[PDB]
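Worksheet for the structure shown next.
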Amino acid sequence: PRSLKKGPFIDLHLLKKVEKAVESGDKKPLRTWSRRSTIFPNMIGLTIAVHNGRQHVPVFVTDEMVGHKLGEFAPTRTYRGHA
Amino acid sequence: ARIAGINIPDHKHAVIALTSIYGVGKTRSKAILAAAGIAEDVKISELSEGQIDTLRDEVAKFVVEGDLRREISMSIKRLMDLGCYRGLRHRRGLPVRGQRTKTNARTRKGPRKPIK
Amino acid sequence: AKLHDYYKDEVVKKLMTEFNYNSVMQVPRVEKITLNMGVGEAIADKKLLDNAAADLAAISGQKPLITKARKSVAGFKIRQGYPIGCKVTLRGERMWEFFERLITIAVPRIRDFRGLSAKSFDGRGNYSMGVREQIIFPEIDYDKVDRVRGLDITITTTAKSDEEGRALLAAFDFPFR
Amino acid sequence: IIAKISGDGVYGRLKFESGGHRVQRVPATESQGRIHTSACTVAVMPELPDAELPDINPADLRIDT
Amino acid sequence: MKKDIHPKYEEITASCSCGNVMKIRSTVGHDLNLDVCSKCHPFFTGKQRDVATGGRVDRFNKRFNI
Amino acid sequence: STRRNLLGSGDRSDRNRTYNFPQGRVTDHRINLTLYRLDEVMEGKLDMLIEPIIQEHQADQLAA
RNA sequence: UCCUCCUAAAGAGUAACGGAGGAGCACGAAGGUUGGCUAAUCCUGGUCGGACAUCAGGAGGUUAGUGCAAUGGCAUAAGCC
RNA sequence: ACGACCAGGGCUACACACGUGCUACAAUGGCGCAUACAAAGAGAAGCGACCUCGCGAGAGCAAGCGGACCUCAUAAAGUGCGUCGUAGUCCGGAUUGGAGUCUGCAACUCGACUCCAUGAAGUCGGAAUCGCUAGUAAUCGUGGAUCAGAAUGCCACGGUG
RNA sequence: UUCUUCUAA
RNA sequence: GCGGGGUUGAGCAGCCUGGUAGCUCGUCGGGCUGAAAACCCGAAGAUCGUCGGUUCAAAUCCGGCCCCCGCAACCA
Ligand SMILES: [Mg+2]
Ligand SMILES: [Mg+2]
Ligand SMILES: [Mg+2]
Ligand SMILES: [Mg+2]
Ligand SMILES: [Mg+2]
Ligand SMILES: [Mg+2]
Ligand SMILES: [Mg+2]
Ligand SMILES: [Mg+2]
Ligand SMILES: [Mg+2]
Ligand SMILES: [Mg+2]
Ligand SMILES: [Mg+2]
Ligand SMILES: [Mg+2]
Ligand SMILES: [Mg+2]
Ligand SMILES: [Mg+2]
Ligand SMILES: [Mg+2]
Ligand SMILES: [Mg+2]
Ligand SMILES: [Mg+2]
Ligand SMILES: [Mg+2]
Ligand SMILES: [Mg+2]
Ligand SMILES: [Mg+2]
Ligand SMILES: [Mg+2]
Ligand SMILES: [Mg+2]
Ligand SMILES: [Zn+2]
C-alpha cells in the first residue's frame with residue numbers, strides 16, 4: 001500500500017473528469033484506463049468504466065469502495081474452469 | 001482457569017496459557033501481563049482469584065474469542081459483497097495475496113483433486 | 001424458589017396491567033421445564049448414554065428417564081426399543097430453582113453469547129431453546145468430562161397466544177433482544 | 001479415433017476435411033534426427049438417422065397355407 | 001420424589017467477580033466462585049459495540065488531511 | 001463404400017493438406033492456400049481457414 | 001391336507017385346470033389376574049439432527065395396534081405398560 | 001505493415017504431472033538474557049555513521065569516506081544460565097484479517113519488509129533415486145554481481161567439522 | 001534363473 | 001411349458017436367511033528404460049436386470065416382466 005505521508009494516488013485526468021461529473025450533473029459512463037487510482041469519496045455514485053486490457057466494465061462506485069483502487073473491480077484474467 | 005469465554009489450561013506458564021485466547025499471541029500476551037503485575041513465568045494453577053479477575057479486564061480492553069471472529073468474518077464478507085479482486089480470490093478458493101497458483105497453492109486449494 | 005416468590009409479587013401485577021386480564025387465574029404461569037439429551041449415537045454402547053444421563057442428573061438434580069425410540073427408523077439404524085435419549089421433567093420447587101440457575105449463571109457462561117431468539121415459542125407460548133455445550137452449567141466439572149454433550153431446554157407455559165409467553169419471560173429479565 | 005460432433009452446422013463446416021493429411025516433421029519416434037513424411041486420413045461423415053422399425057404390413061404379404 | 005435415585009442436592013454459595021454472594025441450591029456441593037453472571041455480563045453494554053459495521057469515508061479521511 | 005471414397009488410401013500421395021513443421025505452413029492442394037501460419041492451425045483456430053475452401057466450393061456452384 | 005376372501009344368487013351349503021393371498025408355527029410369557037394407559041401421520045419450535053431418532057406443544061380421532069395371510073372383530077379395549 | 005508510437009493488459013492464470021530448491025516435522029531442540037571468534041567483497045544520483053523519534057520496517061538532521069582510513073557490518077552456529085518435558089507442543093510456519101513503512105509518475109491485477117492477530121499440512125516420507133574421499137560431506141551465518149525497488153536462484157567467502 | 005522390441009527421408 | 005442366470009469397461013465370485021461389495025483383467029497417477037513392453041509402487045469404481053410390493057431397512061423376500069442359457073414341445 002502507498003505511504004500515508006504522500007497521500008492517496010489519483011490521476012489528474014481522472015480528477016478532471018470526476019469534478020466534471022459532479023458539476024454538470026451526469027449519469028454518463030466515465031471510461032478511464034486508470035486502474036491505479038484510489039477512489040475518492042466524491043466518486044461515490046459515479047458510473048465509471050475501468051479498462052481491463054480489452055474492454056471496459058461499469059463499476060458503480062458504492063460507499064464501500066473508497067479505500068480500494070479502481071483495478072480491483074475490473075478483473076483482467078477471464079477464467080472459467082479447465083473442464 | 002477461565003478467561004474471556006474459554007477455559008485456559010492450568011498447567012502451562014502464563015504467557016503460554018493465555019495464547020489459547022483467539023486474539024492474543026505472544027506479544028499481546030506479554031502486554032496483558034504487563035499491567036496485571038504478574039510475573040510471566042507462573043502457572044495458571046497457583047494464581048489468585050484477585051489476580052485472575054484483574055486479568056480479565058486486561059483482556060477486556062482488546063478484541064478476543066467471540067468478538068474477533070465476527071470482525072474478521074465481516075471483513076471477509078465485506079470483500080464478497082464488493083466483488084473486488086480480493087473478494088473473488090476468497091469466493092473461488094484461491095490465494096488472495098498474489099502467490100503462485102501454478103504449482104503448490106495447496107493451503108487454500110486443499111488436498112489434490114485429480115482429473116476425473 | 002426465589003423466582004416463584006418473585007413471580008407472585010411482581011410478575012402477576014405486571015402481566016395483569018399490560019394485558020387487562022379479567023381473572024387473576026388467566027395470567028400465564030410456567031408449568032414444566034424439560035431437559036432432554038437426545039443422544040442418538042448411544043447405539044454404540046451403554047456408556048455414551050449412562051454417562052450423559054449422569055451429566056444431566058448433575059445439571060438438574062433428578063435421575064433422568066432414559067427414554068426409547070417410539071417407532072423404528074432405518075436412516076438412523078435404530079429399532080423400536082433402543083434407548084436413544086434421556087429427559088428430565090422439572091416441576092414446582094425444583095423447576096424454579098433450576099430456572100433461577102439458568103437465567104443467572106448458565107446463560108452468560110455461553111461462549112460467544114449475543115442473546116437468545118424471539119422466534120422460538122412454538123406458536124403457543126412454550127419457549128423452546130437449546131444450548132450447545134453441557135459446561136455452561138457449573139455442575140459439570142470441566143476437567144472430569146470427555147465428550148461435548150448438549151441439551152435443549154424446553155419451557156412449557158399456559159399462554160394461549162405467542163406474545164403472552166414472550167412477555168412472561170421478559171418479566172424475569174430473560175435475555176431476548 | 002471416431003468422434004461424433006453434435007452441434008449446429010457441423011457437416012457444413014467439416015465436410016471439407018475428407019481425405020489425407022500429410023505431415024513432414026522431425027518426429028518424436030525418430031532418433032537419428034531425420035525428417036519423415038507421414039499421413040493420416042480424416043473422413044467426416046454426417047449423422048444419418050436410424051433405419052427405425054420396418055413393421056411388416058399384412059397387406060404386403062401373401063400367406064400360403 | 002424417590003428416596004435414593006436422585007443425587008445430593010444442597011444449598012451452596014455462588015459468588016461472582018461483582019462480589020454478589022448468591023445462595024442457590026445445586027448438586028455441586030462445594031463453595032462455588034464464579035467468573036461472570038447475569039449482573040456483569042455485557043448483554044446490555046457491549047452488544048451495540050461488537051457489530052463493527054463502520055463507515056468507509058470517515059475512515060478514509062482519518063488517514064490524512066486535505 | 002462411402003468412407004472408402006473419402007479416405008482413398010493412407011499413403012503420402014493422395015493428400016489434401018500438408019503440414020511442414022520445419023517451415024511451419026499448412027498448404028491445401030484443393031486450391032493453393034500455402035500460408036505460413038501453422039501454430040494458429042495445429043493448436044486451434046482454423047475458423048477463417050476452412051472459409052477459403054467454401055468460397056471455391058461456392059464457385060463450383062454459382063458458376064454452374 | 002388345513003386356513004381366509006370372492007364366485008355363492010341378503011339363513012347353512014354349493015362346482016370348475018375359476019379369481020386372490022397364506023399355513024405344517026410361535027409363546028414359561030406373547031398365558032392368568034388386578035392396577036393403569038390410548039394409537040398413525042402431519043404442521044410449529046428446539047444442541048450436534050439430517051425428509052425421519054429423542055424433546056415440547058398442537059392438529060388429528062384409530063388412517064395405529066394384534067407374532068403372521070385374509071376376513072370378521074376390538075376403547076369396558078381383544079391394543080399398550 | 002510482419003515496420004513505428006502510445007495507453008491499459010499479459011508473461012504472475014490453475015482440475016493437474018514432473019524437475020531444481022528452501023523451511024520443517026523438534027529435546028544434538030524452540031524461546032529469553034548474556035558473552036567469544038571471521039574471511040572475502042562493495043560504495044558518489046552511492047555507502048551512510050552518531051544522535052533523536054517509532055513496538056518495528058523506518059523517518060528527521062548530518063559528519064566521514066573514491067576508501068588497509070569512513071560506511072555498509074551486529075557474523076551466526078558456539079559457550080554459560082534459566083525455562084519448555086515429548087503434546088501437532090513455547091515444534092512448524094503456511095494461510096488469512098486488520099495496521100503500516102520504503103522504493104517508485106504508479107505497488108489493484110503483481111513488490112519487498114514490518115507490527116498485531118490467525119497458527120493448514122507436516123511426527124523423518126512407497127516404488128525408486130542423488131551428492132560426496134578431507135577441510136570433503138554435513139550445518140551455520142556473511143558478501144557480491146543484476147537492480148529505483150524486487151531472492152529461498154546464482155557467483156564468492158569464512159566458522160565448527 | 002528369466003529378461004522381448006526400435007516402422008517409414 | 002418347466003429349470004438356471006443378469007453382480008464396475010469386460011469375465012466372474014459373493015448374495016444366506018436382510019444391515020457390509022469382492023476378484024482377475026482393463027483404467028488412472030508416478031517409478032524403471034534412450035524410448036514402448038514386461039515388472040515394481042500408489043490408486044479409484046457399482047442405481048447388484050426392470051417395474052411393483054411386503055418389512056423400520058431389499059442386491060437378498062415375494063409377484064409380474066424384458067432379454068439370455070438349457071431342457072421338453074410327443075401318440076396320432
Ligand atoms: Mg492465539
Ligand atoms: Mg351364504
Ligand atoms: Mg341364499
Ligand atoms: Mg396377545
Ligand atoms: Mg384392566
Ligand atoms: Mg389378555
Ligand atoms: Mg506498453
Ligand atoms: Mg515467464
Ligand atoms: Mg509432487
Ligand atoms: Mg535449551
Ligand atoms: Mg516458534
Ligand atoms: Mg548494492
Ligand atoms: Mg528505540
Ligand atoms: Mg545459545
Ligand atoms: Mg514429538
Ligand atoms: Mg507472526
Ligand atoms: Mg496433522
Ligand atoms: Mg575425487
Ligand atoms: Mg538489489
Ligand atoms: Mg512387436
Ligand atoms: Mg512401459
Ligand atoms: Mg441394498
Ligand atoms: Zn457478577
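Residue numbers start at 1 in each chain; chains themselves are named A, B, ... in the order of the C-alpha cells; ligands are numbered from 1 in the order shown.
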ask   = Which protein, DNA or RNA residues have an atom within 9 Å of ligand 10, counting only C-alpha atoms (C1' of nucleotides) and all ligand atoms, as a PyMOL selection string?
value = chain H and resi 27+29-31+82-84
task = Enumerate, as a VMD selection string, the complete set of residues in chain B that a backbone-based DSSP assignment places in helix (DSSP H, G or I).
result = chain B and resid 14 to 20 27 to 32 49 to 61 65 to 82 85 to 92 106 to 109
task = Pick out the residues sitting within 7 Å of stretch 39-45 of chain E, and hand them over as a ChimeraX atom specification; count only C-alpha atoms (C1' of nucleotides), and ignore anything fewer than 5 positions along from it in its own chain.
result = /C:108,114 /E:18
Export of the given selection (N, CA, C and O atoms) as a short mmCIF file (atom, residue, chain, number, x, y, z; two decimals), in the first residue's frame:
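So again30.cif came out as:
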```
data_model
loop_
_atom_site.label_atom_id
_atom_site.label_comp_id
_atom_site.auth_asym_id
_atom_site.auth_seq_id
_atom_site.Cartn_x
_atom_site.Cartn_y
_atom_site.Cartn_z
N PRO C 108 -25.10 -16.52 30.87
CA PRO C 108 -23.91 -15.73 30.50
C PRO C 108 -22.63 -16.53 30.36
O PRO C 108 -21.64 -15.97 29.89
N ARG C 114 -24.57 -13.72 22.36
CA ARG C 114 -25.05 -12.44 21.86
C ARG C 114 -26.54 -12.29 22.13
O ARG C 114 -27.13 -11.26 21.77
N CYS E 18 -18.37 -9.48 40.60
CA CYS E 18 -19.01 -8.27 41.09
C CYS E 18 -19.34 -8.36 42.58
O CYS E 18 -20.10 -7.53 43.09
#
```
Test item: residues at most 12 Å from residue E:4, only C-alpha atoms (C1' of nucleotides), excluding those fewer than 3 positions along its chain, as JSON, numbers by chain = {"C": [62, 63], "E": [1, 7, 8, 9]}
request  = Could I get the residue neighbourhood of ligand 14 at 9 Å, counting only C-alpha atoms (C1' of nucleotides) and all ligand atoms, as a ChimeraX atom specification?
outcome  = /H:77-80
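Atom CA of residue A:60 sits 12.9 Å away from atom CA of residue A:42.
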Nearby residues (only C-alpha atoms (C1' of nucleotides)) at most 12 Å from residue A:2, same-chain spacing under 2 positions excluded, as a PyMOL selection string = (chain A and resi 4-10+36-38+67-69) or (chain E and resi 63) or (chain H and resi 100-104+106-108+111)
Please identify all protein, DNA and RNA residues within 10 Å of ligand 13, counting only C-alpha atoms (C1' of nucleotides) and all ligand atoms, and report them as a PDB file with N, CA, C and O atoms (P, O5', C5', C4', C3', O3' and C1' of nucleotides), in the first residue's frame.
```
ATOM      1  P     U H  52      20.150   9.703  21.761  1.00  0.00           P
ATOM      2  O5'   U H  52      18.720  10.177  21.261  1.00  0.00           O
ATOM      3  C5'   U H  52      18.214  11.431  21.672  1.00  0.00           C
ATOM      4  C4'   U H  52      17.127  11.928  20.759  1.00  0.00           C
ATOM      5  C3'   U H  52      15.929  11.019  20.563  1.00  0.00           C
ATOM      6  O3'   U H  52      15.035  10.981  21.659  1.00  0.00           O
ATOM      7  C1'   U H  52      16.584  11.901  18.484  1.00  0.00           C
ATOM      8  P     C H  53      14.201   9.638  21.943  1.00  0.00           P
ATOM      9  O5'   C H  53      13.104   9.616  20.793  1.00  0.00           O
ATOM     10  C5'   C H  53      12.094  10.610  20.731  1.00  0.00           C
ATOM     11  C4'   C H  53      11.310  10.511  19.449  1.00  0.00           C
ATOM     12  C3'   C H  53      10.587   9.198  19.219  1.00  0.00           C
ATOM     13  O3'   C H  53       9.377   9.080  19.939  1.00  0.00           O
ATOM     14  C1'   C H  53      11.735   9.809  17.253  1.00  0.00           C
ATOM     15  P     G H  54       9.066   7.727  20.739  1.00  0.00           P
ATOM     16  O5'   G H  54       8.659   6.698  19.597  1.00  0.00           O
ATOM     17  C5'   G H  54       7.546   6.958  18.757  1.00  0.00           C
ATOM     18  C4'   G H  54       7.400   5.916  17.677  1.00  0.00           C
ATOM     19  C3'   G H  54       7.593   4.473  18.098  1.00  0.00           C
ATOM     20  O3'   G H  54       6.507   3.914  18.809  1.00  0.00           O
ATOM     21  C1'   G H  54       8.779   4.847  16.112  1.00  0.00           C
ATOM     22  P     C H  55       6.810   2.980  20.080  1.00  0.00           P
ATOM     23  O5'   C H  55       7.794   1.865  19.514  1.00  0.00           O
ATOM     24  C5'   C H  55       8.572   1.073  20.394  1.00  0.00           C
ATOM     25  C4'   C H  55       8.428  -0.396  20.089  1.00  0.00           C
ATOM     26  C3'   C H  55       8.981  -0.860  18.751  1.00  0.00           C
ATOM     27  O3'   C H  55      10.363  -1.155  18.832  1.00  0.00           O
ATOM     28  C1'   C H  55       6.805  -1.759  19.098  1.00  0.00           C
ATOM     29  P     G H  56      11.462  -0.187  18.184  1.00  0.00           P
ATOM     30  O5'   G H  56      11.692  -0.788  16.732  1.00  0.00           O
ATOM     31  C5'   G H  56      12.106  -2.134  16.554  1.00  0.00           C
ATOM     32  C4'   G H  56      11.441  -2.747  15.350  1.00  0.00           C
ATOM     33  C3'   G H  56      11.668  -2.027  14.030  1.00  0.00           C
ATOM     34  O3'   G H  56      12.889  -2.377  13.406  1.00  0.00           O
ATOM     35  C1'   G H  56       9.367  -2.462  14.302  1.00  0.00           C
TER      36        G H  56
END
```
Residue neighbourhood residue J:59, 9 Å, only C-alpha atoms (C1' of nucleotides), exclusion window fewer than 5 positions, as a PyMOL selection string = chain J and resi 7+15+48
query = Can you tell me which residues sit at most 7 Å away from ligand 23, counting only C-alpha atoms (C1' of nucleotides) and all ligand atoms, written as a list in words?
reply = residues 16, 17, 18, 19, 20, 36, 37, 38, 39 and 40 of chain E
Within 12 Å of ligand 9, counting only C-alpha atoms (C1' of nucleotides) and all ligand atoms: which residues, as a PDB file with N, CA and C atoms (P, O5', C5', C4', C3', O3' and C1' of nucleotides), in the first residue's frame?
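To be explicit, this is the file written out as pocket_39.pdb:
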```pdb
ATOM      1  N   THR B 103       1.775 -23.908  -9.246  1.00  0.00           N
ATOM      2  CA  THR B 103       2.328 -25.036  -8.525  1.00  0.00           C
ATOM      3  C   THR B 103       2.290 -24.705  -7.047  1.00  0.00           C
ATOM      4  N   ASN B 104       1.659 -25.579  -6.266  1.00  0.00           N
ATOM      5  CA  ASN B 104       1.617 -25.509  -4.806  1.00  0.00           C
ATOM      6  C   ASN B 104       0.944 -24.229  -4.314  1.00  0.00           C
ATOM      7  N   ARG B 106      -1.515 -25.062  -2.356  1.00  0.00           N
ATOM      8  CA  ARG B 106      -2.252 -26.140  -1.713  1.00  0.00           C
ATOM      9  C   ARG B 106      -2.976 -25.722  -0.445  1.00  0.00           C
ATOM     10  N   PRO B 111      -6.421 -30.551  -0.370  1.00  0.00           N
ATOM     11  CA  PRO B 111      -5.664 -31.654  -0.978  1.00  0.00           C
ATOM     12  C   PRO B 111      -5.879 -31.782  -2.479  1.00  0.00           C
ATOM     13  N   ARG B 112      -5.230 -32.766  -3.094  1.00  0.00           N
ATOM     14  CA  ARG B 112      -5.183 -32.844  -4.547  1.00  0.00           C
ATOM     15  C   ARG B 112      -6.485 -33.383  -5.114  1.00  0.00           C
TER      16      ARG B 112
ATOM     17  P     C H  16      -5.642 -29.444  -8.539  1.00  0.00           P
ATOM     18  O5'   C H  16      -4.580 -30.281  -9.368  1.00  0.00           O
ATOM     19  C5'   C H  16      -4.609 -31.697  -9.385  1.00  0.00           C
ATOM     20  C4'   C H  16      -4.147 -32.217 -10.718  1.00  0.00           C
ATOM     21  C3'   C H  16      -2.679 -32.585 -10.815  1.00  0.00           C
ATOM     22  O3'   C H  16      -2.413 -33.888 -10.324  1.00  0.00           O
ATOM     23  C1'   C H  16      -3.277 -31.232 -12.660  1.00  0.00           C
ATOM     24  P     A H  17      -1.087 -34.191  -9.470  1.00  0.00           P
ATOM     25  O5'   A H  17       0.034 -34.434 -10.568  1.00  0.00           O
ATOM     26  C5'   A H  17       0.026 -35.605 -11.364  1.00  0.00           C
ATOM     27  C4'   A H  17       1.185 -35.618 -12.327  1.00  0.00           C
ATOM     28  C3'   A H  17       2.509 -35.129 -11.772  1.00  0.00           C
ATOM     29  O3'   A H  17       3.206 -36.102 -11.026  1.00  0.00           O
ATOM     30  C1'   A H  17       2.098 -34.064 -13.817  1.00  0.00           C
ATOM     31  P     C H  18       4.199 -35.634  -9.864  1.00  0.00           P
ATOM     32  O5'   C H  18       5.545 -35.294 -10.632  1.00  0.00           O
ATOM     33  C5'   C H  18       6.216 -36.278 -11.400  1.00  0.00           C
ATOM     34  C4'   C H  18       7.223 -35.648 -12.325  1.00  0.00           C
ATOM     35  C3'   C H  18       8.348 -34.888 -11.648  1.00  0.00           C
ATOM     36  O3'   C H  18       9.385 -35.722 -11.173  1.00  0.00           O
ATOM     37  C1'   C H  18       7.446 -33.570 -13.380  1.00  0.00           C
ATOM     38  P     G H  19      10.247 -35.278  -9.896  1.00  0.00           P
ATOM     39  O5'   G H  19      11.260 -34.207 -10.486  1.00  0.00           O
ATOM     40  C5'   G H  19      12.171 -34.567 -11.511  1.00  0.00           C
ATOM     41  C4'   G H  19      12.928 -33.372 -12.023  1.00  0.00           C
ATOM     42  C3'   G H  19      13.697 -32.586 -10.983  1.00  0.00           C
ATOM     43  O3'   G H  19      14.926 -33.188 -10.641  1.00  0.00           O
ATOM     44  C1'   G H  19      12.481 -31.097 -12.325  1.00  0.00           C
TER      45        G H  19
ATOM     46  P     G J  29      -2.763 -41.018 -16.557  1.00  0.00           P
ATOM     47  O5'   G J  29      -1.911 -40.697 -15.258  1.00  0.00           O
ATOM     48  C5'   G J  29      -2.290 -39.625 -14.416  1.00  0.00           C
ATOM     49  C4'   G J  29      -1.636 -39.716 -13.065  1.00  0.00           C
ATOM     50  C3'   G J  29      -0.148 -39.950 -13.061  1.00  0.00           C
ATOM     51  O3'   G J  29       0.601 -38.822 -13.437  1.00  0.00           O
ATOM     52  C1'   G J  29      -1.125 -41.333 -11.462  1.00  0.00           C
ATOM     53  P     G J  30       1.927 -39.032 -14.303  1.00  0.00           P
ATOM     54  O5'   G J  30       3.080 -38.739 -13.266  1.00  0.00           O
ATOM     55  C5'   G J  30       4.195 -39.599 -13.187  1.00  0.00           C
ATOM     56  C4'   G J  30       4.503 -39.965 -11.766  1.00  0.00           C
ATOM     57  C3'   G J  30       5.778 -40.760 -11.583  1.00  0.00           C
ATOM     58  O3'   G J  30       6.947 -39.972 -11.565  1.00  0.00           O
ATOM     59  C1'   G J  30       4.051 -41.881 -10.502  1.00  0.00           C
TER      60        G J  30
END
```
request  = Check which residues fall inside 9 Å of ligand 2 when counting only C-alpha atoms (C1' of nucleotides) and all ligand atoms, and print them as a ChimeraX atom specification.
outcome  = /G:8,10-13
For the residues in the current selection, export C-alpha atoms (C1' of nucleotides) as a PDB file, in the first residue's frame.
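Below you can see out-v1.pdb, which holds the result:
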```pdb
ATOM      1  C1'   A G   8     -72.247 -68.165  -3.572  1.00  0.00           C
ATOM      2  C1'   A G  10     -79.093 -60.998   1.695  1.00  0.00           C
ATOM      3  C1'   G G  11     -80.035 -68.498   6.729  1.00  0.00           C
ATOM      4  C1'   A G  12     -76.485 -73.151   6.144  1.00  0.00           C
ATOM      5  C1'   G G  13     -74.228 -75.368   1.964  1.00  0.00           C
TER       6        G G  13
END
```
key: Cut-off 9 Å, only C-alpha atoms (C1' of nucleotides) and all ligand atoms, neighbours of ligand 16 as a PyMOL selection string   = (chain B and resi 25) or (chain H and resi 93+116-119)
